[PDB]
Amino acid sequence: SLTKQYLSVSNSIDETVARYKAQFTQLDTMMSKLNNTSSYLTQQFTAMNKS
Amino acid sequence: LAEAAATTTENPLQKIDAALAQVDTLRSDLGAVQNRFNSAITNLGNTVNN
């Protein structure tokens, strides 16, 4: 009953932790994309201004 | 206000278990709503990006 409730709450908590971490992972992938794009945009500006 | 007891009460388990059932049902509902909250959050993140 009590250690049982612990089993249940541990399980539920674990589900929640996986959820949070997964959200963070996807968000960071989006970050990767945008960072790369903006970085090459920046180099292009620097060169074409050096022009 | 609650009154005093003049006699011993019968079938107390048939009331305690009913109270426990009520508590279990409420806890189930509370746990459930969090899943909807999380699904909504994920969907909102996707929609915001789009």
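Residues numbered from 1 in each chain as written, not as in the entry; some residues may be left out. Chains lettered and ligands numbered in written order. Part of a larger assembly, values for the part shown. Heavy atoms only, no water.

Method information in the entry identifies cryo-EM as the source of the structure, with 3.7 Å recorded as the resolution.

(A) Just the overall build of chain B, in detail. Along the backbone of chain B there are one helix and zero strands. Counting only C-alpha atoms, chain B reaches 70 × 25 × 5 Å along its principal axes. Sorting the 50 residues of chain B into buried and exposed places 2% on the buried side. With the model as given, the accessible surface of chain B reaches about 4,800 Å², and the carbon-plus-sulfur share is 57%. (Helix = DSSP H or I, 4+ residues; strand = E, 2+ residues; numbered from the N terminus. Buried < 20%, exposed > 50% of the residue type's maximum accessible area, 1.4 Å probe, protein only. Areas by Shrake-Rupley, 256 points an atom, 1.4 Å probe, with all protein chains shown as cover.)

(B) Main features of the interface of chain A and chain B. Chain A puts five residues into the contact, and the matching count from chain B is seven residues. Across the chain A to chain B interface the summed buried area is about 390 Å²; carbon plus sulfur atoms make up 38%. On inspection of chain A and its partner chain B, the count reaches zero salt bridges. Linking chain A to chain B there are one residue pair in polar contact. Considered class by class, the residues forming the side of chain A that touches chain B number two nonpolar, two polar and one charged. (Contact = heavy atoms within 4.5 Å. Buried area = accessible area lost by both parts, 1.4 Å probe. Salt bridge = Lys/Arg side-chain N within 4 Å of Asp/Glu carboxyl O. Polar contact = N/O pair within 3.5 Å; in protein donor to acceptor, adjacent residues only side chain to side chain. Nonpolar A, V, L, I, M, F, W, Y, C, P; charged D, E, K, R; others polar.)

(C) Geometry of unusual backbone geometry. All names here are of chain B. Not every positive phi belongs to a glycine, and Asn 11 is a case in point at roughly 50 degrees. Among the secondary structure elements, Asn 11 is positioned in the segment before helix 1 (13-49). Residue classification places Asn 11 among the partly exposed residues on the basis of a relative accessible area of 44%.

(D) Representation of the environment of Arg 27 of chain B. Residues and elements named next belong to chain B. Examined against the element boundaries, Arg 27 turns out to sit in helix 1. Considering only alpha carbons, one finds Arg 27 and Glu 3, 24 residues apart in sequence, at a separation of 29 Å. Among the polar contacts listed, one links the side chain of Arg 27 to the side chain of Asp 24, at a separation of 3.0 Å.

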